[PDB]
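Notes for the one structure printed next.
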Amino acid sequence: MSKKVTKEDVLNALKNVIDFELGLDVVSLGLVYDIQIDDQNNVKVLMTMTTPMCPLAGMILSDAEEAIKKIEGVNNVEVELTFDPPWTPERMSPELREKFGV
């Protein structure tokens, strides 16, 4: 547009970040619930993890945020961590439900 980031870009930016445990990106894992961007390019996301575990959780949070702040428009970054709801293991490719055993 001019200086107006969108959820479309935020997803496609996040497709870069791959969790060294899993070997897929967060859009592949389908994690991301909401994505809203204000007129002030406050990129806000309701992204969550699968589990409150991970192998290096904090680093993975910061890696998603890394891709998000690399959008060159992304003035501010309102990364919530909504851990309350049950994510969904079938969000991944169906090939990987076969692979992992879901």
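Numbering (this note's numbering), first residue to last: -2 to 99. Every residue gets a Cβ at the ideal spot worked out from N, C-alpha and C, and that includes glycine.
Exercise. Give the single residue among 83, 86, 71 whose Cα lies nearest to the Cα of residue 41.
Key: Here residue 41 refers to the residue found at position 44 when the sequence shown is read from its first residue. Checking every option, the nearest Cα to that of residue 41 belongs to 71.
When you compare each of 0, 68, 43 to residue 79 by their alpha carbons, which one comes out closest? Mapped onto the sequence shown, residue 79 falls at position 82. Ranking 0, 68, 43 by Cα distance to residue 79 puts 43 first.
Tell me the DSSP secondary structure of residue 15 in three-state form.
The residue given as residue 15 occupies position 18 in the sequence shown. DSSP places residue 15 in strand when its eight states are reduced to three.
- Query: Measuring CB to CB, does residue 94 end up less than 8 Å from residue 28?
  - Reply: Along the sequence shown, read from residue 1 onward, the residue named residue 94 stands at position 97. Along the sequence shown, read from residue 1 onward, the residue named residue 28 stands at position 31. Against a cut-off of 8 Å, the Cβ pair of residue 28 and residue 94 comes out as no contact.
Checklist line | Close beta carbons around residue 15, own chain, < 8 Å, minus the five adjacent residues each side | finding: Taking the first residue of the sequence shown as position 1, residue 15 is located at position 18. 21, 22, listed in sequence order.
Q. Taking C-beta to C-beta, are residue 32 and residue 4 nearer than 8 Å?
A. Along the sequence shown, read from residue 1 onward, the residue named residue 32 stands at position 35. Along the sequence shown, read from residue 1 onward, the residue named residue 4 stands at position 7. With respect to the 8 Å criterion, residue 32 and residue 4 are classified as neighbours on the basis of their beta carbons.
- prompt: Does the beta carbon of residue 9 come closer than 8 Å to any beta carbon on chain C?
  reply: Looking for chain C here will not work: only one protein chain is present.
### Query
Start and end of the alpha helix (DSSP H) containing residue 67?
Mapped onto the sequence shown, residue 67 falls at position 70. Careful: residue 67 lies outside any alpha helix (DSSP H) and carries neither H nor E.
Any idea which residues DSSP pairs residue 43 with across the strands?
Sequence index remark: in the sequence shown, residue 43 carries index 46 (1-based). Residue pairing of residue 43 in beta bridges, as defined by DSSP: 77.
8 Å contact criterion, which residue 62 and residue 39 should meet: CB distance rounded: Within the sequence shown, the letter at position 65 stands for residue 62. Within the sequence shown, the letter at position 42 stands for residue 39. Their Cβ separation, rounded to whole angstroms, is 14 Å, which puts residue 62 and residue 39 out of contact at 8 Å.
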